[PDB]
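Asks: One structure, pasted below without further comment.
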Amino acid sequence: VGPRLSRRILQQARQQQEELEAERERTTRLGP
Amino acid sequence: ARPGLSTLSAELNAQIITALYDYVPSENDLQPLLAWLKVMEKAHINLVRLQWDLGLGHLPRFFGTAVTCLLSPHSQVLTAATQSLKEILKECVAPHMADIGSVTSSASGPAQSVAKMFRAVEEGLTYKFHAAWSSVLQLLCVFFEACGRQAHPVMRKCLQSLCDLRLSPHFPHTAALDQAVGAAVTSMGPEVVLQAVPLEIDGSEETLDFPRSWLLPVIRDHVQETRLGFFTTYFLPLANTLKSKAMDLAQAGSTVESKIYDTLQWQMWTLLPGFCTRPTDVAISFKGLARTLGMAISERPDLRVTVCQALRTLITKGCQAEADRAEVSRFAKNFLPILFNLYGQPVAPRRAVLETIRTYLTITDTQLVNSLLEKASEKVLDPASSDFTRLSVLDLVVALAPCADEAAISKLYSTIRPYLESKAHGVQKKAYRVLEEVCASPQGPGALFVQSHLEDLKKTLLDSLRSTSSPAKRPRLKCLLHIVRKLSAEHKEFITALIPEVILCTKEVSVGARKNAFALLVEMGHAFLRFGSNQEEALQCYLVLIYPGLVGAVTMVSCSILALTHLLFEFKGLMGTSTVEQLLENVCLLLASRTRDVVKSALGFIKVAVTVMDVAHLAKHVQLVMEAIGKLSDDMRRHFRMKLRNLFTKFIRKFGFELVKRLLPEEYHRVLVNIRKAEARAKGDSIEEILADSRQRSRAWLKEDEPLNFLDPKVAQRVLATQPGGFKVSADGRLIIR
Amino acid sequence: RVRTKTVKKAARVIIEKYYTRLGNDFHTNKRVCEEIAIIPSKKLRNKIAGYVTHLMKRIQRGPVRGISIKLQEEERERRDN
Amino acid sequence: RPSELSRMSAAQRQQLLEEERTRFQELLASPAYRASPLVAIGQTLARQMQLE
RNA sequence: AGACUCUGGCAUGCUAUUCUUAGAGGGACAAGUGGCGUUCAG
């Protein structure tokens, strides 16, 4: 295919994989 | 700072780590990410130091985040993650595998944590990286080295995935994957590795492109802790089948396939030096290879040296135990007639066989060494032996000489003593090698023979000095070394009789004899340093022995200048600066000679004297030596230009340039200004890889056949990290090379 | 001593075209250099033979598949000619 | 008798060795060569190659 | 601190030839072994 096209393809595939794997407040307290 | 329990506890560190997991700035900010996983690495190190199982339990989430940041395009994050995970593996994982032990598929404690983090690195071996694969391979390699013996039942799938990765048409990480599989073979052991990925070269194959043919070089280069019993039970009948098929296709007319199988069989006994490195069952599995090694060393020359090398490998590191050494000795009583017939046969790789014979005779019993010495002595004394056979048996005598007791050494010396006056150079050379070998041992029967027969040896060496051939000078001086390092004080006459031989050997034909003569000059100096209370007066008494050699013959003059050069290079500060100055005046007088060898050795002595003594003492004699340099000659200046150039460079560097300019004429003025300008100017195993005519890393290449599935576990074979893709002939067809 | 670049090129082309006929030690490699090249220079012949011996010693420790496909291609070229 | 030892013969080397051994024997026992050795060596070389 | 050119040590081999000769041909190519090594150059 080519370097740039395959890079865009893998980036979009990783984005879609993260989006489909997806479907608060930072814990500032060390001890409860 | 690694705080103690009073400053930071294990539960507090775990709470800090779990609270610090929740930031992960964006993915690739690259300013706080490196220090971020650095501080979790340090906190995990401190947690393991405080409570190791808690740190191992907290490890897999940090390893998952390490994989996630290893997916980042920035290579600095890749390097930081690789260094952090390697440090965690080396310091927090490797020493704790002995306590945890083996891991199964149903582990519960920290073994389950090891399994989870190995699942994390297996997920890190997937296709989604395509630029960190060298880093993941290095992490896999250090994990294999750390936990091959303790993570054995689980990493077969990773080995299959690695074989699939190396089965790619264009793999730039071939060397890294080879190193990783080599570490896996080293620590795992190639037996269960071959159980996981089988070799497809078992007997008859319909094809010739073996997809796992690199396993044999991997096992050859990376086996150190594997039992020999697996080698005997697996590689013995497969060798016979492959060799039999090799001759069967050899006489069938198909030479290409026969040569391929010949390459296979010749490579698969190269695993034997690896398997003989540290075998865990060599006390019991070496019985089944004795007759195999005998038949492979008797009628199979093409393996012999390698087999000998394999034997040598064992003698390097397989004789640690006493039962192993006893078995090796008993099979030495089995093998020695075969090895002696192999070395003594007419023609042959005699050098490696002789080295193996010496190294193998140093670790056997004394009594059959004595018996073989009797046999070799009656073979030498037999007049019906040829000259080559006599030389071979004399080499066997040389090998058997230091391994015998005092009586056998004494009778061998009594037999060798009339042979020192023989007109044959080879016989006298072997006799002097025998005399060097029997005196080489500083302890044992050889030393007892040395002190028992010191006067007889001295008288024999003084008598045989007149009739010594030129090659025989090379070992004999070493023998003199072997009789000086334990010499008594009342032996000055013998030493000063030996001095002219050493000086004449400082310019001997062989450079090994010259090095031996220089070492012998050092040994005479050290021996005279022990024979007197005053070291400077003893050095002067050593020096008055060799100074009259500056008077007589021209080659003796050159030999004496070279001897004084080596002495000044070895006795710099202990002999006296004024003696160096007066010798410098003398050697400049010798610089004013006509013979090129004398003036060349004089230039060498002048350079060494410039190097040795201080510039304050040099400045008193710069004018004299440099005047002697200046009015030398026209042709002599032209011939050895570089020695005078280096001398002028040293004089410029160690002094002022103005006086150096003033003390030379116009041609040397041009030489000096050119030298000043020059000073101012100063201020992997594949066939095609060897035969080579000798941002950017983020590029990817897809290949489009079967449709591509990203979730297919074998899609990583279809992605490539790199770009895919003079003489004349005569009438007979022969090339012309010029 | 170092190896001259033309020695490297000659060793490369010899081990590339005639890998099958070369043998293990120095003597038979020198013989193959004798009746494969006229080679008027003796020192060049000796250096070429020694470097070809070292090259095949390095090659024979590698994987077998490259040697096998090289022999297959050499046999195909010999049969075609 | 060449100046380089790599061209001369071994019997000549042994004869030269005997000559140098003997010469060391008389010149090591000479009484003038006991008090100022390097002075004697320097004077001997000075006369020998002012002769040259 | 010459990775220039040429050449020598041993020839009981050839020629008018083991001792003196003078032309040619062998023999050395780091060849092998163990370590230090980016595991390849050194």
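Here, A, B, ... name the chains of the structure tokens in the order displayed, residue numbers run from 1 inside each chain, and ligands are numbered from 1 in the same displayed order.
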Please return, as a CSV table (one decimal) with N, CA, C and O atoms, in the first residue's frame, all residues of chain B lying within 10 Å of chain A when only C-alpha atoms are considered.

Replies:
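Dumped everything to result35.csv:
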```
chain,number,residue,atom,x,y,z
B,11,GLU,N,2.1,-0.7,52.7
B,11,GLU,CA,0.7,-0.3,52.3
B,11,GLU,C,0.6,1.1,51.9
B,11,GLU,O,-0.2,1.4,51.0
B,12,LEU,N,1.4,2.0,52.5
B,12,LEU,CA,1.4,3.4,52.0
B,12,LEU,C,1.9,3.5,50.6
B,12,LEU,O,1.4,4.3,49.8
B,13,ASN,N,3.0,2.8,50.3
B,13,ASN,CA,3.5,2.8,48.9
B,13,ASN,C,2.6,2.2,47.9
B,13,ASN,O,2.4,2.7,46.8
B,14,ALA,N,1.8,1.1,48.3
B,14,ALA,CA,0.8,0.5,47.4
B,14,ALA,C,-0.3,1.5,47.2
B,14,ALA,O,-0.8,1.6,46.1
B,15,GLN,N,-0.7,2.2,48.2
B,15,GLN,CA,-1.8,3.3,48.1
B,15,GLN,C,-1.3,4.4,47.2
B,15,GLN,O,-2.1,4.9,46.3
B,16,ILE,N,-0.1,4.8,47.3
B,16,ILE,CA,0.5,5.9,46.5
B,16,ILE,C,0.5,5.4,45.0
B,16,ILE,O,0.2,6.2,44.1
B,17,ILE,N,0.9,4.2,44.8
B,17,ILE,CA,1.0,3.6,43.4
B,17,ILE,C,-0.4,3.5,42.8
B,17,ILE,O,-0.6,3.9,41.6
B,18,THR,N,-1.3,3.0,43.5
B,18,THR,CA,-2.7,2.9,43.0
B,18,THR,C,-3.4,4.2,42.8
B,18,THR,O,-4.2,4.3,41.9
B,19,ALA,N,-3.0,5.2,43.6
B,19,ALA,CA,-3.6,6.6,43.3
B,19,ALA,C,-2.8,7.3,42.2
B,19,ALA,O,-3.5,8.1,41.5
B,20,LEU,N,-1.6,6.9,42.0
B,20,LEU,CA,-0.8,7.5,40.9
B,20,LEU,C,-1.1,6.9,39.5
B,20,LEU,O,-0.7,7.4,38.5
B,21,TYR,N,-1.7,5.7,39.5
B,21,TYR,CA,-2.2,5.1,38.3
B,21,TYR,C,-3.2,6.0,37.5
B,21,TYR,O,-3.3,5.8,36.3
B,22,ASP,N,-3.9,6.9,38.2
B,22,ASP,CA,-5.0,7.5,37.6
B,22,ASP,C,-4.8,8.8,36.9
B,22,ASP,O,-5.6,9.7,37.0
B,23,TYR,N,-3.6,9.0,36.3
B,23,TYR,CA,-3.3,10.3,35.6
B,23,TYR,C,-3.2,10.1,34.1
B,23,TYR,O,-4.0,10.6,33.4
B,127,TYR,N,0.5,-7.2,16.8
B,127,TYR,CA,0.7,-6.5,15.6
B,127,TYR,C,0.6,-5.0,15.8
B,127,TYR,O,1.1,-4.2,15.0
B,128,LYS,N,0.0,-4.5,16.9
B,128,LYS,CA,-0.4,-3.1,17.0
B,128,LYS,C,0.8,-2.2,17.2
B,128,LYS,O,0.7,-1.0,17.1
B,129,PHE,N,2.0,-2.8,17.6
B,129,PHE,CA,3.2,-1.9,17.8
B,129,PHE,C,3.9,-1.5,16.5
B,129,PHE,O,4.0,-0.3,16.2
B,130,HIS,N,4.4,-2.5,15.8
B,130,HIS,CA,5.0,-2.4,14.5
B,130,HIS,C,6.3,-1.5,14.5
B,130,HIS,O,6.9,-1.3,13.4
B,698,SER,N,9.2,4.8,12.0
B,698,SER,CA,7.7,4.7,12.2
B,698,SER,C,7.0,4.3,11.0
B,698,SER,O,5.7,4.2,11.1
B,699,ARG,N,7.7,4.0,9.9
B,699,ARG,CA,7.0,3.6,8.7
B,699,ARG,C,6.5,2.2,8.8
B,699,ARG,O,7.1,1.4,9.4
B,700,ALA,N,5.3,1.9,8.1
B,700,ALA,CA,4.7,0.6,8.1
B,700,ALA,C,4.4,0.2,6.7
B,700,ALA,O,4.2,1.1,5.8
B,701,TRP,N,4.3,-1.1,6.4
B,701,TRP,CA,4.1,-1.6,5.1
B,701,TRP,C,3.0,-2.7,5.2
B,701,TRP,O,3.3,-3.8,5.8
B,702,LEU,N,1.9,-2.6,4.6
B,702,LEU,CA,0.9,-3.6,4.4
B,702,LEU,C,1.1,-4.4,3.2
B,702,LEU,O,1.8,-4.0,2.2
B,703,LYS,N,0.6,-5.6,3.1
B,703,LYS,CA,0.7,-6.5,1.9
B,703,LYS,C,-0.6,-7.0,1.5
B,703,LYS,O,-1.4,-7.5,2.3
B,704,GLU,N,-1.0,-6.7,0.2
B,704,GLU,CA,-2.2,-7.2,-0.4
B,704,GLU,C,-1.9,-7.8,-1.8
B,704,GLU,O,-2.8,-7.7,-2.7
B,710,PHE,N,-7.3,-7.9,11.1
B,710,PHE,CA,-6.5,-7.3,12.1
B,710,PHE,C,-6.6,-8.1,13.4
B,710,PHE,O,-5.6,-8.2,14.1
B,711,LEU,N,-7.7,-8.7,13.7
B,711,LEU,CA,-7.8,-9.5,14.9
B,711,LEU,C,-7.3,-11.0,14.7
B,711,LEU,O,-7.4,-11.7,15.7
B,719,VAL,N,2.8,-7.9,7.9
B,719,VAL,CA,3.2,-6.5,8.1
B,719,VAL,C,4.7,-6.4,8.1
B,719,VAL,O,5.4,-7.3,8.7
B,721,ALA,N,8.2,-3.9,8.6
B,721,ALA,CA,8.7,-2.7,9.2
B,721,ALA,C,9.7,-2.0,8.3
B,721,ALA,O,10.1,-0.9,8.6
B,722,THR,N,10.2,-2.6,7.2
B,722,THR,CA,11.2,-2.0,6.3
B,722,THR,C,10.6,-2.1,4.9
B,722,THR,O,9.5,-2.7,4.6
B,723,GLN,N,11.4,-1.6,3.9
B,723,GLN,CA,11.0,-1.5,2.5
B,723,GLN,C,11.0,-2.9,1.9
B,723,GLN,O,12.0,-3.6,2.0
```

Asks: Could the residues of chain E within 10 Å of chain C, counting only C-alpha atoms (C1' of nucleotides), be given as a ChimeraX atom specification, please?

Replies: /E:3,28-31,41-42

Asks: Which residues, written as a list in words, have at least one atom at most 9 Å from range 54-60 of chain C, with only C-alpha atoms (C1' of nucleotides) counted and residues fewer than 3 positions away on the same chain left out?

Replies: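 That gives residues 263, 266, 267, 685, 686, 687, 690 and 691 of chain B; 11, 12, 15, 19, 22, 23, 24, 49, 50, 51, 63, 64 and 67 of chain C.
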
Asks: Would you mind exporting the chosen residues as a CSV table (one decimal), in the first residue's frame, restricted to C-alpha atoms?

Replies:
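Generated file (again.csv):
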```csv
chain,number,residue,atom,x,y,z
B,263,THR,CA,25.0,-29.6,5.5
B,266,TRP,CA,27.4,-31.6,9.6
B,267,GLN,CA,25.6,-28.8,11.4
B,685,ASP,CA,24.2,-15.2,10.1
B,686,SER,CA,22.3,-15.4,6.8
B,687,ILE,CA,24.1,-15.8,3.5
B,690,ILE,CA,27.6,-11.7,5.1
B,691,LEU,CA,28.0,-11.1,1.4
C,11,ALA,CA,35.5,-14.0,-2.7
C,12,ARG,CA,31.9,-12.8,-2.8
C,15,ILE,CA,31.2,-18.1,-3.1
C,19,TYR,CA,29.5,-22.6,-3.6
C,22,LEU,CA,34.3,-25.6,-2.8
C,23,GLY,CA,35.5,-27.8,0.1
C,24,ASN,CA,36.3,-27.4,3.8
C,49,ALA,CA,41.5,-19.0,-1.0
C,50,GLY,CA,41.9,-18.2,2.7
C,51,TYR,CA,39.1,-15.7,2.7
C,63,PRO,CA,20.7,-21.6,8.7
C,64,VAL,CA,20.3,-24.4,6.1
C,67,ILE,CA,22.1,-22.9,1.4
```

Asks: Identify all residues of range 87-309 of chain B in alpha helix (DSSP H) (DSSP on the backbone) and supply them as a VMD selection string.

Replies: chain B and resid 87 to 88 97 to 100 110 to 124 133 to 147 156 to 166 174 to 188 190 to 196 215 to 221 228 to 250 255 to 268 271 to 275 282 to 285 290 to 298 301 to 309

Asks: What's around range 1-13 of chain D at 7 Å? Count only C-alpha atoms (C1' of nucleotides), leave out sequence neighbours fewer than 6 positions away in its own chain, and write the answer as a PyMOL selection string.

Replies: (chain B and resi 469-470+507-509+554-555) or (chain E and resi 9)
